Every structure is written in structure tokens, then in C-alpha cells.
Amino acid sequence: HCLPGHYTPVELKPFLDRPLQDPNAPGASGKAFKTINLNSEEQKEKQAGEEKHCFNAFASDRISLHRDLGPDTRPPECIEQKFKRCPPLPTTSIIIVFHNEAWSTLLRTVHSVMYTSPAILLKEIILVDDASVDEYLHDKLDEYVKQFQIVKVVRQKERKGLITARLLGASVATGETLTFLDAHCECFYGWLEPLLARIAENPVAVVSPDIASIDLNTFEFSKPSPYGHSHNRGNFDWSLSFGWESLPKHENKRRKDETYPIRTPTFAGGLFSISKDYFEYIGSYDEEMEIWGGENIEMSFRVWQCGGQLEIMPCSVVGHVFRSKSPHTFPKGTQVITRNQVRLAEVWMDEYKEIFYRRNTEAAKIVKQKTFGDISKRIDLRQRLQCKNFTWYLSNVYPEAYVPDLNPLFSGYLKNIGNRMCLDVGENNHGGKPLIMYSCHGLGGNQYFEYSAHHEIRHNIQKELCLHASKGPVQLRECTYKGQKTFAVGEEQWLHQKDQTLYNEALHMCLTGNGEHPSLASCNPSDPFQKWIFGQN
């Protein structure tokens, strides 16, 4: 089965040949489509699309299903890379899960895969319908897709969400590998070979493309740059949200060219390839997780702790329509996401789970009322595979991570006697911006604060941020205290006094909850707006 040499370009020719495109058509070569100067019926269609899909479906419906993405702008070593015939490139089953996807976006995903994926690799495309309502996604889709011969639609009759749908897809797949894609993606040139070649080399590797943004408003594709730019890897924050960060210096040094894998603490988890056998062996997904949320983080910890590796291959580029809001209904509310996170925290995070429970009150409650369900199959899997503990994961996989204290001196919320609202970090804050007052919700999150031995008031979900005194509005800034060497600057040291005032040690002034932004004022023990409760949840 194992031949000498490298696959030829003829051996790699795609399943379907892209027709030469009209260069002046809308969205051509992946450039912006500006949908402006619309008549009254058109402006109606656009708002209907935006509100159905939480992307500009009006734009998507006017762009070819066949659009090229212009010239291949990947690094030169990616365009030149050859693939050995031994071990052979494995076959793949493409699994696209959808729930009420637009036609234009679902079929541009399917067309993209056929135009960019070598015929010799592409065994089948499985479309998993998670109980879509739209009639066009029933018989119309079944019939349209027959022409392609290798495309099958599988139906999840009752809405069970993305996790159950992927397990359904996997159970019918016969490929040697599974490649998962969302239903609003577009494959770049040569995206598949580098994923599948890496699994051929190392079958415990779970590999992701370097995911590109497709703009939800204009459908512009963010193209790779040829000169070794800043890459992102996946992380988690201590609310267990997926996030992106710069690579550390040791990884830049280790990677000699762009064909080298990037080791990633977490993966976005929509777009990746895996050995089918390894997917099953390493515990596929927790079947009790519902709708959306947590499974990518759960899979990240489980792969790493149980002896696999999570990798991003920058020679593999796939565009994704990133949204700001879900279009999806939640049959039994968004509590589902928090239950999914408690399930992964109980199984994988050991003592570190308490750091998350403190920051998401809803999760602390689910633990206390034991409504997160039976995890005995997940516990059993962690034992049978002899997976390492979370201390090992933080040390060996994510040594760069800020880890809060397991048992901080104090955590909770800051409630103002005067106006009966809570100190809130606001919608968007990672440096610089003033804070707000917001209704006390007791949920933690944006109202979460810790008190340190060194008199700091921390907001430490993502970064180690410290309440930072100023002549005007109070800020969150990076703590200057970060262990052995360093100290705590007076602008970040506070005393909660007997009169319930918050007294900054540097400025000798008191936090008031008056105005839009809490600021420092002359200390007035009779001012209710300078009186703070440090409430525990």
C-alpha cells in the first residue's frame, strides 16, 4: 500500500473543477460586497436575512456558490509543500452539521469542499440536519445534492444540537479520517492535504486549519499573508470561554517554517480533522452535552490529558462566517451551556474547577443542586486511558496561562448603598476604559472581584487586571504585583473601611458610585454613594 515519492499535482486534482469566474461579479476573488443604494423591497429582504441568520444573507445570496478566492497568498513553503505516498494520505469523510442554515452559505460550503479537496481524499460529504424548520433544507436539498454522488443528508428528527449531530455524522462515516466543518465556511487552496498528512504522520494529532474570518456584513474573505505573520492559538479563560492569543517565543523558535504544526492549548472545535479510530478511542464527545457550548474546551483538555496533541496547521486555511449573536433558539434556555461547562470541569479540571465555579454563579448552583447529570462514563474513560491531571496540563500544555488562586482571600461583588447597583467592568474592557454601575445580578462574570493579601481588588477572568485609582474615573489595568520579584503600587491598593468606604492608598480618596463612571472623590463617610458592600454570592 505504501509507495515511494510524492503525490503529483495530477494525483491531487480536485473532486470538481472550478469554472473560470467573472472577475466583476459580486464577492469575486473573495473581495468585499458592499450592499448599498437598496430599493425598499431590497432593504426589507436584507433586514429579514440579518434577523434570520445574524449575517448579511442578502450579500451571500448574490455571491456565486463557485467564487474563487483570488491568488494563493499562503507562505511559499505551503504552496511548494509535497506529500509522501508513504504513509499514504488517508481518505476523509466531511461532516457538516447545520440547523436552519441559509441555502447560499450551506451550498457554497459544499461547493468549496468539492473544488479544493483532491478526489483521491474525498470519500464522502455528510450533511447532518439538526431538525431544521426551513422547507428548502428538506426534499429540495436531498435532490440537489444527488448530482455530486458522494453527498448524503442524515436527519436528526428532534432538535438535539451540534454534539449529537456530529456523533450521528461520525457513526455513518466510513472514511479513515473525519473532517468537521460548519455550514458557513469556504476552503482555501490546498487546505486538506496538510491536515490529513499530519494525521498520517501522527495519528494522535487532532488538527485544525488556521481559521480565516469571512466578514458577516460584506462576505470579504481575510486572506493568508505570505510572510510569516502573527499566528493565533486557542486558549480558555476562567469563565471557560474559548479565546485566541499570540504564540509564545519558544513556539516561534521551535517552528522553522510554516509547514510545522502550532501546538495549541485549545481549538475552536468546529473545523478540524481526526483519525476516525482515534476519535472513538479518545472518547468522541460527552453525549449528554446539549445544543452548543463547552465541547471544544472539553475535547481540548481530554485530547491533551489523555496522550494526544491539538495542532493548528497554517498551510491549511478555511474561512468561517464569525457571528456576534447566535440565530439559534435554545429549547430549554442558555443554562444548557453552563451545564455542559460544569460537566467538563467535574471530569477534567480537578481542584482548578473551583476557579470557574467562583466566577460563574450559575455553575456553582448547578454543582450545589447536582443537576449536571451522571458523568460516570467520562470518569471511567479518564481512568481507563490513564489521562494526566489538570496540574500536568497547565505545566506541560499551557505554562503561559495566568492561574488565579484556588482559595482567594475573598471573592464576590461590590454593591453601592447609595444607588443599590454593582460595580461592573462593562460590555468591552481589557485595558484603559472606565467601568460602569449595573443592576446587581449575582451571576459573577462582569461583576466578579477578588481582594488580595496586598490590598488589590482583582477582576481576573482573562488577564490579572487590578482596580487602578486615578484623579477621575477608576480603571482596570494589569496588576503590577505578579509574585516574587514585584510589589503592589498604591494606585492598585484599597482599604474597605469601617464606614464601608473604598479608600485608595496612593491618592487618599474614596470610590464613589455617582455619575456614569465610578471615580475617586474626597472621602465623605456620610455619602451613601461612597458606601460599598463586598457581597459574597
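A residue's number is simply how far along the shown sequence it sits, counting from 1.
A.B. asks: For the stretches 317 to 325 and 111 to 119, which has the higher mean C-alpha B-factor as given in the deposited record?
C.D. replies: The stretch with the larger mean CA B-factor is 317 to 325.
A.B. asks: As stated in the PDB record, which stretch has the larger average Cα B-factor, 71 to 79 or 417 to 425?
C.D. replies: Higher mean C-alpha B-factor in the PDB entry: 417 to 425.
A.B. asks: In the PDB entry, which of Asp134, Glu346, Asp277, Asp237 has its C-alpha at the highest B-factor?
C.D. replies: Largest recorded C-alpha B-factor: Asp134.
A.B. asks: By the entry's C-alpha temperature factors, tell me which of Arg263, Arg159, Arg302, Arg198 sits highest.
C.D. replies: Highest CA B-factor of the listed options: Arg159.
A.B. asks: Where does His459 sit by CA temperature factor within its chain: lowest, middle or highest third?
C.D. replies: Its C-alpha B-factor, which the entry lists for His459, ranks in the lowest third among residues of this chain.
A.B. asks: Sort the modelled residues of this chain by their C-alpha B factor and say whether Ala25 lands in the lowest, middle or highest third.
C.D. replies: It belongs to the middle third of the chain when residues are ordered by C-alpha B-factor.
A.B. asks: Taking the C-alpha B-factors as the PDB entry records them, is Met289 in the lowest, middle or highest third of its chain?
C.D. replies: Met289: CA B-factor falls in the highest third of its chain.
A.B. asks: What third of the chain does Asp129 rank in for C-alpha temperature factor, lowest, middle or highest?
C.D. replies: Middle third, going by the recorded CA B-factors of the chain.
A.B. asks: If you rank the chain by CA B-factor, which third does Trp392 end up in: lowest, middle or highest?
C.D. replies: It belongs to the middle third of the chain when residues are ordered by C-alpha B-factor.
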